[PDB]
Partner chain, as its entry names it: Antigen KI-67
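In the block that follows, a single chain appears as structure tokens, in the form deposited without the partner chain.
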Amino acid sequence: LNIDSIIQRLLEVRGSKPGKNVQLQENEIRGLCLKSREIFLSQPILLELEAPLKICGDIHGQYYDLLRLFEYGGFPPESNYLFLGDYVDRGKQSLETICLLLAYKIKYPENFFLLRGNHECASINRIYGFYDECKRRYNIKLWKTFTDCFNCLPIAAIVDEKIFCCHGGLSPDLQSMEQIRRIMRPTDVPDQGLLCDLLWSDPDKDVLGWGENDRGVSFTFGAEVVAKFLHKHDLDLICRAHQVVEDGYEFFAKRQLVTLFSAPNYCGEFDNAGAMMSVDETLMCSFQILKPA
């Protein structure tokens, strides 16, 4: 598996017009999936990271925007990265997107991190795009290999014991960090329960406690759930993605939670910007805005 050749080929499309594909050999892609899976399983399901690091929200196959993110934040290993999930579906180039991210994870396993989003699930990416892309450019077996890889992704992370990071949000069933640590991999996402909530919930300013989620699954949570959560676990901030917000990021409950979305002009219809959060050693935050290009 020649990782450097793969990364160089994927980056060659830089400074080009969005849409240009990178056609890697099938065995290479299969290789990235099997190699990265091995690494995912050797690292905790609940990551313990240290700043400085850049945190990114949803990408959704918008490969040319991912390149722009690395451009503004610095290509690995110049900066440590933590992605919050949702690399595939919706966008037209999920393959290049996930391949580049997997290649970086393989080359810099200790300085590059990827969490699971609700779209890194076979039943979801079967509907929203990834499956069609895989079938059109390669074949179904390749999609199945991607599924095996996805089922081994870590679920959450905690930066310097103070910043909790997950894709969707909190769960009424989450009473101890121990619960997340005991989830065994490989695994798929259940239709309810802790694992489901961590990938599917959203914060709601108008709810008291727990509420129904319009996505048709999981719950919504209020500002008080956040405050209580942070306090009992002695954390300072909750960082998540999952929800498209017009400015790329949005603070919730007096800056106790931040939502990050890194795909500008999502689905080609919303006119939202994308954002990336930088956390330094003192844990002070800075946000880079990516205007839709």
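For clarity, a rigid core is taken as the largest C-alpha set superposing within 1.5 Å between two forms. Positions refer to the first chain, counted from 1.
**Student:** Do the Cα atoms of 106-114 or those of 200-208 sit farther, on average, from the shown form in 7 other deposited structures of this protein after fitting on the core?
**Tutor:** The stretch that sits farther from the shown form in 7 other deposited structures of this protein is 200-208.
**Student:** Kindly name the stretch, out of 145-153 and 183-191, whose CA atoms are displaced more from this form in 7 other deposited structures of this protein after the core superposition?
**Tutor:** Checking 145-153 against 183-191 in 7 other deposited structures of this protein, I find the farther stretch is 183-191.
**Student:** Per the PDB record, is the mean Cα temperature factor higher over 55-63 or over 259-267?
**Tutor:** Averaged over C-alpha atoms, the B-factors run higher in 259-267.
**Student:** Highest mean C-alpha temperature factor of the two stretches 222-230 and 236-244, which is it?
**Tutor:** Higher mean C-alpha B-factor: 222-230.
**Student:** Sorting 101, 115, 189, 198 by Cα temperature factor from the record, which one lands on top?
**Tutor:** Reading the PDB entry, the winner on C-alpha B-factor is 189.
**Student:** Could you place residue 147 in the lowest, middle or highest third of its chain by Cα temperature factor, using the values in the record?
**Tutor:** Its C-alpha B-factor, which the entry lists for residue 147, ranks in the middle third among residues of this chain.
**Student:** Can you work out whether the C-alpha temperature factor of residue 207 puts it in the lowest, middle or highest third of the chain?
**Tutor:** As the PDB entry reports it, the C-alpha B-factor of residue 207 lands in the highest third of its chain.
**Student:** Can you tell me whether residue 91 has a C-alpha B-factor in the lowest, middle or highest third compared with the other modelled residues of the same chain?
**Tutor:** Middle third.
**Student:** What third of its chain's C-alpha B-factors does residue 174 belong to: lowest, middle or highest?
**Tutor:** Its C-alpha B-factor, which the entry lists for residue 174, ranks in the highest third among residues of this chain.
**Student:** Looking at the C-alpha B-factor of residue 141, is it in the lowest, middle or highest third of its chain?
**Tutor:** Tercile = highest for this residue's CA B-factor.
From this point on, the text means the form solved in complex with the partner chain, which you will not see here.
**Student:** Using a 4.5 Å heavy atom cut-off, state whether residue 64 contacts the partner chain in the bound PDB entry.
**Tutor:** Result yes; residue 64 sits at the interface with the partner chain in the bound PDB entry.
**Student:** Is there a heavy atom of residue 289 lying 4.5 Å or less from a heavy atom of the partner chain in the bound PDB entry?
**Tutor:** Because a heavy atom of residue 289 falls inside 4.5 Å of the partner chain in the bound PDB entry, the answer is yes.
**Student:** Quick check on residue 236: any heavy atom within 4.5 Å of the partner chain in the bound PDB entry?
**Tutor:** Because a heavy atom of residue 236 falls inside 4.5 Å of the partner chain in the bound PDB entry, the answer is yes.
**Student:** Please tell me whether any heavy atom belonging to residue 137 falls inside 4.5 Å of a heavy atom of the partner chain, as the geometry stands in the bound PDB entry.
**Tutor:** It does not: once the partner chain is placed as it appears in the bound PDB entry, residue 137 has no heavy atom within 4.5 Å of it.
**Student:** Check for me: heavy atom within 4.5 Å of the partner chain in the bound PDB entry, for each of 80, 91 and 240, yes or no.
**Tutor:** Result no, not one residue of the spot touches the partner chain.
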